[PDB]
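Note sheet for the following structure.
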Amino acid sequence: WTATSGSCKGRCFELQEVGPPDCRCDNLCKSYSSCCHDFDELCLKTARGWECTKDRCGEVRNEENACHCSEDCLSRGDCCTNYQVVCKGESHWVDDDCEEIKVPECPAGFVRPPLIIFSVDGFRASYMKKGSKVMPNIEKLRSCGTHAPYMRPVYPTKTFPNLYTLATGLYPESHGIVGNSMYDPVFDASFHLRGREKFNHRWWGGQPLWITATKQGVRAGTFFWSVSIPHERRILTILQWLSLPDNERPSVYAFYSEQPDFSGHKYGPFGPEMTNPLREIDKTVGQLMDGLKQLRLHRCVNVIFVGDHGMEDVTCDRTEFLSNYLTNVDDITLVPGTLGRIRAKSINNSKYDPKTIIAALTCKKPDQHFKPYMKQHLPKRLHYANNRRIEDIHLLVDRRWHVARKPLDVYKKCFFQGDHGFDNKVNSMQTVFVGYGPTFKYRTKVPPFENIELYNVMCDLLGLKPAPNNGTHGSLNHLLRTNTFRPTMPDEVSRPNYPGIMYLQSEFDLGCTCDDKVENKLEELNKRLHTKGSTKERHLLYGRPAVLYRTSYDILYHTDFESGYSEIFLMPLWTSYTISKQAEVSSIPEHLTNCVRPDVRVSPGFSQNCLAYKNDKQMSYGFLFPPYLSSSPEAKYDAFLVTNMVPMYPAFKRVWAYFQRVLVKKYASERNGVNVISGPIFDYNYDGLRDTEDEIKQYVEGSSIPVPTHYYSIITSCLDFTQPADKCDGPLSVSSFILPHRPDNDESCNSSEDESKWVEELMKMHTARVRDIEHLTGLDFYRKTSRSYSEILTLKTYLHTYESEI
Ligand SMILES: *[C@@H]1O[C@H](CO)[C@@H](O[C@@H]2O[C@H](CO)[C@@H](O[C@@H]3O[C@H](CO[C@H]4O[C@H](CO)[C@@H](O)[C@H](O[C@H]5O[C@H](CO)[C@@H](O)[C@H](O)[C@@H]5O[C@H]5O[C@H](CO)[C@@H](O)[C@H](O)[C@@H]5O)[C@@H]4O)[C@@H](O)[C@H](O[C@H]4O[C@H](CO)[C@@H](O)[C@H](O)[C@@H]4O[C@H]4O[C@H](CO)[C@@H](O)[C@H](O)[C@@H]4O)[C@@H]3O)[C@H](O)[C@H]2NC(C)=O)[C@H](O)[C@H]1NC(C)=O
Ligand SMILES: CNC(=O)CN1Cc2ccccc2C[C@H](NC(=O)CCc2ccc(Cl)cc2Cl)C1=O
Ligand SMILES: [Ca+2]
Ligand code: NA
Ligand code: NA
Ligand SMILES: [Zn+2]
């Protein structure tokens with residue numbers, strides 16, 4: 001119940017929300033059908049429209065008008081945004097030359113530059129260039145401020161997950177808004193685009209920017225706008241709030257536009273109908289900037305122009321139907337569209353089986369336009385698994401396509417031509433970032449970055465301490481003129497042991513064999529130097545990774561590679577080696593095919609054994625440092641040490657051997673040498689974070705050798721490829737991957753073919769940031785470079801996407 005008989009007199013767009021049944025006058029009362037009876041008359045005035053005209057100038061104030069052109073309107077803070085232009089001979093902001101804002105220029109009583117977030121739904125990144133001729137105000141923000149060529153949204157590339165990511169810095173699996181539609185099995189409740197469940201605070205986790213601000217004594221405008229409040233009124237309300245007295249005035253504000261998404265869905269991303277909504281957004285920016293100029297705030301306020309996701313061409317004829325795959329289609333519930341999520345239709349149906357569903361959806365039709373995954377097998381870069389609202393079975397849908405359950409869903413719910421939601425590396429999903437203001441840099445282009453980084457920067461812009469989030473604070477300091485956040489590198493928690501030769505060959509009973517008993521003061525001192533680390537500077541180029549948790553491990557040196565060997569997990573946490581452009585690939589010699597060699601530095605009790613592999617019929621082994629890239633026949637024996645061995649399913653060894661035998665050398669060729677750090681990942685609870693020992697669900701049969709869920713590699717070179725990776729004076733270049741360690745190659749439908757036709761494609765799908773690897777391993781990389789620390793943070797957040805040009 002709302003007793004709508006109260007009044008909005010002097011309450012229009014009030015910032016405090018009054019509680020039921022008292023009637024509301026805030027910018028959301030419409031969405032709750034709770035506004036006071038006179039809210040439209042008083043708060044949504046439209047008379048005479050939104051623009052001053054010559055004959056209105058100096059008019060007698062008429063309080064009924066939507067906005068004013070009377071002499072008192074500046075002091076009342078309610079002029080039409082074009083008032084000084086029409087009536088006082090001023091220029092529109094867009095018409096003024098851009099001039100650097102070196103310091104804030106704020107009216108007295110302003111304690112800090114306010115922040116205004118101008119949020120545009122479905123604003124595809126390439127609109128900034130492709131629509132530039134019809135967006136002069138936005139083009140001026142972009143060219144005169146700080147801009148990225150695109151900003152990467154989070155997956156799924158849907159509105160609710162992305163806006164709530166922008167406000168919290170959190171992945172949707174963490175904040176809990178994992179789609180536009182959701183079922184929470186603990187609540188037994190459904191969240192929908194339409195209806196009243198979505199306003200229940202229990203859905204929304206983390207701490208959004210307006211809560212962070214309020215807790216720290218920084219007042220906030222309301223961030224949400226009812227769809228029926230016209231955009232001109234939204235702008236006027238913000239400008240009115242900015243004329244509040246100092247003690248009452250917010251420091252952070254948000255505007256929202258439902259366009260261009262609304263039209264993009266109807267017309268496609270580049271339909272001829274799309275020019276007009278771009279013109280209209282630009283005009284609204286122009287209103288804001290003109291309004292700020294009138295208040296003498298246009299060189300005081302920081303403005304962020306930001307989108308949530310892009311828009312792709314999708315039509316209802318490009319829909320895949322589960323009813324062409326599944327016998328039991330009526331036994332499942334599908335969340336459909338540009339992603340699929342499947343769960344049992346009834347929890348009382350004991351004939352539901354996710355394995356038979358996955359199998360029936362796997363590589364069934366030659367051109368099939370979606371791929372099924374258990375959520376733990378999705379690319380780790382999507383960070384889309386650790387939430388009970390994310391169904392176990394996921395369909396990744398190809399760009400331009402939909403998935404639906406049955407054809408009747410699509411015609412008896414087709415006119416739509418655009419949609420979004422796909423993989424967040426897809427070019428059509430990328431969106432926009434521009435920042436303009438005293439705190440942002442001047443005429444500066446920054447590389448693309450992820451929207452999970454923005455909350456930290458928004459906190460910086462406002463002097464707030466951010467709540468714990470998934471950004472890497474400092475990774476965007478290069479966007480900022482001032483207020484940068486200068487972090488210190490985390491302290492190493494575990495120091496390594498440096499074991500020398502401690503065990504005789506006969507102390508080992510590992511069941512391994514090697515034909516190496518084939519036999520010099522020249523060469524012997526040399527090989528002792530290698531075991532003491534004399535080649536370490538060439539293979540460990542950026543310092544040893546720091547271990548940020550408590551464990552026991554050994555540094556092992558070799559001619560060709562250095563490793564940090566875990567006594568707890570019986571294998572390296574990391575293996576680091578450098579391959580120059582001149583390196584030669586060689587075979588594993590016939591007599592060495594099955595060679596594994598005890599490591600006389602490491603006790604038998606902390607070693608793997610070969611018998612466990614012989615006896616585990618499902619599990620084989622591979623090596624982290626590749627025997628194919630040994631520097632000499634003699635150095636090659638080091639690659640067969642038991643301390644360089646890792647457990648690998650035979651199907652996985654196909655991928656790994658092709659990476660090591662072919663792809664490493666290709667990258668060294670293309671990049672002028674590469675440094676590679678490889679290792680295992682254990683993430684059996686799919687939380688994106690390093691497992692402890694007691695979370696490991698699988699061991700090599702009969703043994704304490706834990707099976708990795710993934711293997712990573714970090715592949716670093718000189719950004720200026722005219723210098724070789726090992727003599728790089730400047731910024732670095734990196735690509736990394738986190739490959740799932742799976743017992744089949746069912747993910748790759750072309751896997752019966754030669755590895756040259758599918759392996760690299762798999763690796764590209766599983767591209768990752770170095771930061772993703774850090775979370776998964778508790779290691780901290782790039783500890784010793786000549787680069788600034790924030791530069792390194794940027795490098796660690798880089799994702800190599802392999803998409804063509806935006
Ligand atoms: C991205 O950034 C985020 C933010 O930094 C990272 O997320 C954090 O990760 C931490 C570790 O996983 C985690 O810390 C835990 O906090 C628990 C207390 O939980 C509440 O309090 C916090 C703080 O206010 C709050 O934010 C939480 O919010 C979660 O849950 C609510 C309601 O369910 C949601 O609305 C909200 O969206 C959020 O859900 C997300 O996180 C939870 C995990 O908490 C997931 O379950 C969800 O699916 C979703 O992703 C909570 O309201 C605390 O209880 C934990 O402590 C346990 O473990 C430690 C080990 O150190 C130990 O001290 C205790 O023994 C304890 O164990 C006991 O409970 C076990 C489980 O029942 C049981 O098995 C044992 O036997 C014990 O009884 C833990 O310290 C922190 O909560 C989140 N924060 C957020 C916002 O997500 C994220 O990791 C980053 N991602 C990457 C990849 O880097
Ligand atoms: C009832 N009416 C609406 O909700 C309209 N609406 C759309 C919407 C839909 C789902 C989730 C959030 C929002 C928020 C959107 N506001 C904005 O984007 C302005 C900036 C902003 C605000 C909030 C958040 Cl969480 C993040 C950001 Cl960057 C807004 O007002
Ligand atoms: Ca884990
Ligand atoms: Na085996
Ligand atoms: Na296959
Ligand atoms: Zn949309």
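Note that these values count all heavy atoms, side chains included, but never hydrogens, waters or copies made by symmetry. Along the sequence shown, residues carry numbers from 1.
Rounding to the nearest 0.5 angstrom, the gap separating the CG atom in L163 from the CG atom in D308 is 4.5 Å. Taking CH2 of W50 as the start and CG of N82 as the end, the distance is 12.5 Å to the nearest 0.5 Å. We find the NZ-NE2 distance between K293 and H92 to be 9.0 Å, quoted to the nearest 0.5 Å. With rounding to the nearest 0.5 Å, the separation of CZ in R48 from CD in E64 is 10.5 Å. Remark: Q287 CD to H231 NE2 distance equals 10.5 Å, nearest 0.5 Å. Rounding to the nearest 0.5 Å places CG of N424 at 7.0 Å from CZ of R152.
Each of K158, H265, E312 was checked for a side chain to side chain donor-acceptor pair (under 3.5 Å) with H420, and the lone residue meeting it is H265. Of the candidates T81, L297, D290, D78, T81 is the only one forming a side chain to side chain contact (heavy atoms under 4.5 Å, CB included) with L239. Each of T165, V178, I177 was evaluated against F160; a single residue qualifies, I177, per the side chain to side chain contact (heavy atoms under 4.5 Å, CB included) test.
Partners of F262 under the ring pair (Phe, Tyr, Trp, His ring centres under 6.0 Å) rule, at least two apart in sequence or in another chain, do not exist in this structure.
Counting heavy atoms from C-beta outward, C35 and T4 have side chains that stay 4.5 Å or more apart. Contact check for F223 versus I117: side-chain heavy atoms found under the 4.5 Å cut-off. A 4.5 Å side-chain heavy-atom check between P20 and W1 finds every atom pair outside the cut-off. Between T222 and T237 the shortest side-chain heavy-atom distance does not fall below 4.5 Å. Taking 4.5 Å as the limit, some side-chain heavy atom of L480 sits within range of a side-chain heavy atom of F440. A heavy-atom distance below 4.5 Å is found between the side chains of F13 and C43. Counting only heavy atoms from C-beta outward, the side chains of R299 and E99 approach each other to under 4.5 Å. Put simply, the side chain of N65 reaches to within 4.5 Å of the side chain of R56, judged on heavy atoms.
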For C52 and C80: C-alpha separation, side-chain torsions, deciding distance, then whether disulfide bond (SG atoms under 2.5 Å apart) applies.
CA-CA 6 Å; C52 285; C80 303; 3.8 Å; no

Applying side chain to side chain donor-acceptor pair (under 3.5 Å) to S91 and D96, what does each step give before you reach the verdict?
CA-CA 7 Å; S91 45; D96 302 326; 2.5 Å; yes

One pair to check against side chain to side chain contact (heavy atoms under 4.5 Å, CB included): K441 and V446. What are the steps and the verdict?
CA-CA 10 Å; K441 294 178 161 175; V446 298; over 6 Å; no

Does the side chain to side chain contact (heavy atoms under 4.5 Å, CB included) test come out yes or no for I138 and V434, once each step is laid out?
CA-CA 9 Å; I138 290 163; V434 177; 5.6 Å; no

Evaluate the disulfide bond (SG atoms under 2.5 Å apart) criterion for residues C25 and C8: first the C-alpha distance (whole Å), next the side-chain angles of each, then the deciding distance (0.1 Å), finally the verdict.
CA-CA 6 Å; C25 303; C8 291; 2.1 Å; yes

Using the disulfide bond (SG atoms under 2.5 Å apart) rule, take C57 and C87 through it: C-alpha gap first, then chi angles, then the decisive distance, then the call.
CA-CA 5 Å; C57 293; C87 296; 2.1 Å; yes

Walk me through it: do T2 and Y32 pass the test side chain to side chain donor-acceptor pair (under 3.5 Å)?
CA-CA 10 Å; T2 305; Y32 291 71; over 6 Å; no

From CA spacing to verdict: side chain to side chain donor-acceptor pair (under 3.5 Å), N483, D460:
CA-CA 6 Å; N483 305 31; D460 289 339; over 6 Å; no

Given disulfide bond (SG atoms under 2.5 Å apart), test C106 with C300 step by step and report yes or no.
CA-CA 5 Å; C106 294; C300 173; 2.0 Å; yes

Pair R233, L44 - check side chain to side chain contact (heavy atoms under 4.5 Å, CB included), show working.
CA-CA 7 Å; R233 172 57 61 195; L44 293 180; 4.1 Å; yes

Go through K88 and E71 one step at a time and tell me if the salt bridge (charged side-chain N to carboxylate O under 4.0 Å, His left out) criterion holds.
CA-CA 10 Å; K88 298 281 200 261; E71 207 61 27; 3.1 Å; yes

Please report the C-alpha distance between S226 and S31 in whole Å, then the side-chain angles of each, then the deciding distance to 0.1 Å, and finally whether the side chain to side chain donor-acceptor pair (under 3.5 Å) criterion is met.
CA-CA 6 Å; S226 283; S31 302; 2.7 Å; yes

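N180 and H192 form no side-chain donor-acceptor contact under 3.5 Å, judged by distance and modelled atom types alone. If you check the side chains of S7 and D38, you find a donor sitting under 3.5 Å from an acceptor. No donor-acceptor contact under 3.5 angstrom links the side chains of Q216 and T212, judged on distance only. With 3.5 Å as the limit, one finds no donor-acceptor pair spanning the side chains of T338 and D419.
Looking at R202 and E197, a side-chain N of the basic residue comes within less than 4.0 Å of a carboxylate O on the acidic one, giving a salt bridge. Ionic pairing of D40 and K30 is present here: one or more N-O contacts between side-chain nitrogen and carboxylate oxygen are shorter than 4.0 angstrom. A salt bridge links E100 with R481: the distance from a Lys NZ or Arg NE/NH1/NH2 to an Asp or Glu carboxylate oxygen falls below 4.0 Å. A salt bridge links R249 with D246: the distance from a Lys NZ or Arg NE/NH1/NH2 to an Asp or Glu carboxylate oxygen falls below 4.0 Å. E280 and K283 are not joined by a salt bridge, as no carboxylate oxygen comes within less than 4.0 angstrom of a charged side-chain nitrogen.
What you find for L462 and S251 is that their closest heavy atoms are CD2-O, 3.7 Å. In terms of heavy-atom proximity, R399 sits nearest to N427 at NH1-N, 4.1 Å. Minimum heavy-atom separation, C98 to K140: CB-CE, 3.9 Å. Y442 approaches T444 most closely through the heavy-atom pair O-OG1, 2.7 Å.
Annotation: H478 is not in aromatic contact with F449 [ring centroid separation under 6.0 Å not met]. Checked against the 6.0 Å centroid criterion, the rings of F224 and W204 do not qualify as a close aromatic pair. Here the two rings, on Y83 and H68, have centers that are 6.0 Å apart or farther.
For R296, the CZ atom is loosely surrounded, since the number of other residues' heavy atoms within 6.0 Å does not exceed 12. Annotation for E248: atom CD counts as buried by contact number, over 12 foreign heavy atoms lying within 6.0 Å.
Residue pairs that meet the ring pair (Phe, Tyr, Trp, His ring centres under 6.0 Å) test with at least one member in residues 119-157, sequence neighbours left out, are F123-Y127, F123-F305, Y127-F270, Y155-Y384, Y155-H394. Pairs passing the salt bridge (charged side-chain N to carboxylate O under 4.0 Å, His left out) check and including a residue from residues 256-268, sequence neighbours excluded, read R234-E258.
With hydrogens and angles disregarded, a donor-acceptor distance shorter than 3.5 Å links the side chain of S34 to the backbone of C29.
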